[PDB]
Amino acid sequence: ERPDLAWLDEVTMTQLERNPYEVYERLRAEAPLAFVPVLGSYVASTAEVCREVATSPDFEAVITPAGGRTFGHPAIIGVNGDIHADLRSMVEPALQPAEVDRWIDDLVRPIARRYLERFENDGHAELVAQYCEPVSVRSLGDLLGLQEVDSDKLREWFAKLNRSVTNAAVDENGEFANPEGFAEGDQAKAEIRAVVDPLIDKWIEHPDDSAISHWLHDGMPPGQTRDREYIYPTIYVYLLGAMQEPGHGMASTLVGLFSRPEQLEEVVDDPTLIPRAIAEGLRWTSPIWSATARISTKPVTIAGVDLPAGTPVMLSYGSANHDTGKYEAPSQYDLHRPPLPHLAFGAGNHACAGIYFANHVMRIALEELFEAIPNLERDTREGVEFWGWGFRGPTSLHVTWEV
C-alpha cells in the first residue's frame, strides 16, 4: 500500500529469520512504523516508536496471530483488564526481588555445577546444548514444579513452541502460508498436558511450594483453585520464553564477549562485571526480538501513520535495541558502552515480569562457567550462526580450552 516501501513486498520470512537486521535498518530510517506484508502486520522498529506503543493509553496487549493460534486464551501476554491483573497477581509472588534473593543462589548454582561437571575437563563443548539451555530450563523447571521433567524434554518443548509461535508468514490473502507449521506446537501441547495434568491433579488436593501449585491456589477462596484451562496458556508462555530466553541471553552475551577478546578477559578477571556484560548482550542480540504486540483501542497517529482502531502493531524490540538514534555502532558488542535504557524486557503494563529472576539466572550461570573454565576460547573452526525473527539467539556455540 505505501508506495515508497514497495520493496517490502519482496522481503521473505526466511530472510527475516536468518538475519532481520538489514531490513530493519532500512525500516528504522524509512518508516519506523511500517506494514510488512509477509508478517501481515504493522511493525515498530525504533526505540521511540516501540516505547510509545508499549506504553500508550490508546493501545492494549494483543497476541500475535501465530501466538494466538498456538497458545489460545488467556495467555498473559495477550489479555488485558481484570484477567490480566489476575494473571499478573498469579505469577508475581515467586518473581518478587526480595523472594528471589532468598533462594536463587541455592537453586541455580548447584544446577550450573551439575551441567558443568559433565564437560569441564573435555577441552571442547557446544555451550548452547551442553550448558546455556539446560541450566535455564532446569532452574525454571524446578521452580515451577517440573523437577521430574528432563531438561532434554523441556528444551524440545520450547523449540517446538518457538517454531509454532513464530510461524507468522502470510500469503497474498493474509492467510497463514504455512498452516502445517502449527502441528508441532499442537503436539508439544498434547505432550505437556499428558505430563502436567497429573501434577495439577495432585497439587489441587496437596498444595506444595511449586510455582504452579501456587498459581492454582494463591488468592482463591478456601477449597477453590483456578481452573486448569485458565492457567494453561500462561504455562505455555513460560514453557516457551521463560525456558528459552535466559539461555539465549547467556549465549549471546558469550558470543559478544568472544567478539571482544580484551573484554572477555576483563569479565573473567572481574566477575562483578558479569551483570554489565549481560545487559549489553541483551541489547546486542535481544532474545525476545519481535514476539509481542499491541493493538490500538481508538484511532491514533504513530510516527506519522494514522492508524484506525483495532490495528495490531508488532514490537520489534530487537531492532529498537539497535536504534542508531540511541547507540553508536549498535551492531558491535561493547561491554564499555555507557549503561543506557534498553527494551529487551519490553515496557509498560505488559513488560517482563521475570527480569530480576532472569538476570540472576544468567549471572550465576556465567559466574560458574568462568570459574570452572577461565581459559575459555571460541572454536574459530566453527562459525556462530544466529537464527530467529521472533526469538533470536545462537544456534550453537562451539568453544575450546587447554586442559
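For every residue, the number given is its place in the sequence shown, counted from 1.
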Avg C-alpha B-factor, entry values, 261-269 vs 139-147, higher side is 261-269
Taking only the CA atoms, which stretch has the higher mean B-factor in the record, 12-20 or 378-386? 378-386
Criterion, highest CA B-factor; candidates, 86, 186, 229, 120: 120
Could you tell me which one of 160, 114, 73, 294 shows the highest CA temperature factor in the PDB record? 114
Please rank the C-alpha B-factors of the chain's modelled residues and tell me whether residue 247 sits in the lowest, middle or highest third. middle
Relative C-alpha B-factor of residue 35, binned into the chain's lowest, middle or highest third: lowest
Once the chain's modelled residues are ordered by C-alpha B factor and cut into thirds, is residue 337 in the lowest, middle or highest one? highest
So, residue 324's CA B-factor, relative to its chain, sits in which third? The highest
Comparing residue 156 with the other modelled residues of its chain, is its CA B-factor in the lowest, middle or highest third? middle
